[PDB]
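Down below is the structure, laid out as structure tokens.
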Ligand SMILES: O=C(N[C@H]1CCCC[C@H]1Nc1c(C(=O)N2CCOCC2)cc(Br)cc1[N+](=O)[O-])c1cc(=O)[nH]c2ccccc12
Ligand SMILES: O=C(N[C@H]1CCCC[C@H]1Nc1c(C(=O)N2CCOCC2)cc(Br)cc1[N+](=O)[O-])c1cc(=O)[nH]c2ccccc12
């Protein structure tokens with residue numbers, strides 16, 4: 001029993017973190033085989049960031065303009081190139097702690113663990129969801145760029161996020177490990193803002209199943225509702241529409257608890273237009289949307 | 001910017017987790033140097049659990065009744081002894097991945113990270129507080145016993161919790177690495193119940209400081225308070241009383257924000273009186289009490 005916001009164990013990823021310095025900028029790099037991956041803005045001065053020409057800036061650098069430190073050993077850089085917004089630094093030593101890994105690009109609504117790092121050293125791990133507006137509500141200070149987000153399946157690390165920036169509202173933006181940005185953002189110091197966000201409805205329903213699994217049942221009701229009748233109510237409260245595929249993805253949880261998906265929607269609808277009336281669910285006064293159906297199944301089954 | 005319930009990186013502890021089996025009972029062990037630590041109830045059948053005499057049960061065991069597995073490798077058990085509620089299995093191999101470590105016993109209100117494990121394999125990490133009633137609000141299933149809680153200070157892992165059981169209300173109880181339970185709980189399947197819990201007041205204040213550090217001031221007010229008036233009010237909301245040691249512990253946060261501790265106490269009093277009125281603080285609609293002052297300074301300063 002119990003339900004916590006649980007991150008994946010971070011050991012496989014700690015073994016890949018390094019410090020990348022170029023000029024006056026120091027940040028974090030990801031060391032996999034004989035390549036270090038890090039944000040391309042490491043090569044910019046603050047004046048460069050106002051309007052950077054990365055191709056032109058990178059040509060002015062040689063391999064010796066990059067210092068890479070893993071622990072107390074300085075890795076020799078033998079080549080450099082860009083892929084989209086990530087810099088790839090070839091080093092003369094392969095990382096012996098390189099795990100089985102893949103680069104994957106995730107969708108809004110999917111969760112992942114973040115290993116927050118500074119100067120190549122881990123500070124902590126936490127669990128994040130990609131918001132529908134493609135930001136993440138992270139915890140990042142100066143020097144955090146290059147920290148990565150990831151999932152683990154069996155022995156294989158799926159890197160999905162590399163951190164690049166903080167927006168004026170204090171939320172964060174980054175790229176996949178192929179350097180493609182999540183959301184309409186650019187690595188330039190210019191006016192940028194997070195769009196209006198919505199709530200990940202499939203994740204809220206999964207978390208309501210987690211609460212029922214853990215004995216919170218006061219919000220279940222006698223009513224039922226159609227998917228289109230629910231979707232019309234949800235859209236008025238800035239909730240993402242529920243698709244039929246979402247319902248199929250909630251099948252396992254509905255079978256475990258015996259509560260039809262549309263019966264849980266009927267409860268969620270009543271929660272949205274009535275509130276919680278001073279009560280809590282799993283220790284929260286808000287409807288939580290940073291647990292996917294798979295996350296609930298995993299934590300409630302090992 | 002931002003504020004998250006952040007756990008310590010788990011790598012140094014991941015390399016210490018093993019699987020311990022005795023009979024048909026399996027659970028997790030902690031392998032440090034040539035010793036594996038685990039809950040002593042690994043030697044019990046379910047019939048033994050109502051009124052076990054662990055001295056009598058252990059004397060009937062031999063070294064070869066314990067199978068300890070680290071990955072695909074079996075570790076030969078060469079000795080065994082009990083210390084309070086933990087079993088110490090000596091093995092013929094010292095753990096090459098042993099970190100620098102310490103055994104500590106924490107206070108009510110302090111936090112630590114839990115590496116939840118099953119069959120010797122870590123499956124997740126999260127941050128916990130020792131509640132005032134000496135339980136933790138964990139996430140644990142059958143097979144999780146022997147999972148550990150820990151902090152990191154400098155280069156050293158401070159182990160502070162080993163998991164033993166789940167109480168009827170779904171909260172959790174365990175021991176330090178000496179085998180002494182937190183609270184009045186015992187490793188018997190007898191009627192046990194968490195007492196009534198309280199809110200960790202010094203942690204709520206530290207968290208309000210994190211909100212200020214992150215740029216929010218809407219909950220401050222022009223009032224101050226005496227410490228004794230603050231405690232008279234706060235205890236009517238089932239908040240733990242605030243001591244002068246606590247006030248000194250909030251010093252660094254108070255000095256960084258320019259808000260005196262007793263002025264933050266005034267704000268807390270008003271929050272308890274009014275609630276948030278449809279607002280949130282660092283993403284929460286309730287007053288969070290599972291961040292210590294040291295947690296706040298660490299996450300707001302980038303300690304690695
Ligand atoms: O070091 C961080 N950022 C650097 C990294 C490389 C240089 C540009 C900058 N990134 C941004 C930012 C930005 O982060 N800031 C933060 C406030 O000051 C300026 C604007 C905004 C836009 Br718009 C575009 C970019 N960009 O294109 O890289 C940074 C990261 C973090 O998560 N949180 C922090 C908290 C405090 C201070 C710094 C950070
Ligand atoms: O395997 C777990 N526990 C086992 C470990 C071996 C000894 C007995 C039992 N510990 C207890 C418990 C207890 O946990 N339970 C669990 C529900 O059914 C019975 C009562 C209560 C008291 Br009172 C005393 C003890 N004791 O003395 O060990 C266990 C751990 C967990 O965190 N969460 C779970 C969720 C579901 C099922 C099991 C667990």
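Counting begins at 1 with the first residue displayed.
The backbone N, Cα and C atoms fix where each Cβ goes, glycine too.
These features come from Swiss-Prot:
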type	residues	note
ACT_SITE	A:41	active site, for 3CL-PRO activity
ACT_SITE	A:145	active site, for 3CL-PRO activity
CROSSLNK	A:5	ubiquitin cross-link
CROSSLNK	A:90	ubiquitin cross-link
Exercise. Count the Cβ atoms, other than its own, that fall within 10 Å of the Cβ of residue A:145 (active site, for 3CL-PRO activity), considering every protein chain shown.
Key: 25
Practice problem: Would you kindly give the Cα-Cα distance separating residue A:145 (active site, for 3CL-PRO activity) and residue A:41 (active site, for 3CL-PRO activity), rounded to the nearest Å? | Solution: 9
Self-check item: Proximal but sequence-remote residues of the same chain as residue A:5 (ubiquitin cross-link) (Cβ under 8 Å, at least 6 apart)
Solution: A:126, A:127, A:290, A:291
Quiz item: Over all shown protein chains, what is the count of other CB atoms within 10 A of the CB belonging to residue A:41 (active site, for 3CL-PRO activity)?
Solution: 23
Exercise. Could you find out if DSSP has residue A:41 (active site, for 3CL-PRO activity) as helix, strand or coil?
Key: helix
Quiz item: What subset of the recorded positions A:5, A:41, A:90, A:145 has a Cβ sitting under 8 Å from a Cβ of chain B?
Solution: A:5
Quiz item: Could you state the CA-to-CA distance between residue A:90 (ubiquitin cross-link) and residue A:145 (active site, for 3CL-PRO activity) to the nearest Å?
Solution: 19
Quiz item: Relative to the Cβ position of residue A:90 (ubiquitin cross-link), how many further Cβ atoms are located within 10 Å?
Solution: 16
Self-check item: In sequence order, those recorded positions of A:41, A:90, A:145 whose CB lies under 6 Å from ligand 1
Solution: A:41, A:145
Quiz item: Three states by DSSP: which one describes residue A:90 (ubiquitin cross-link)?
Solution: strand
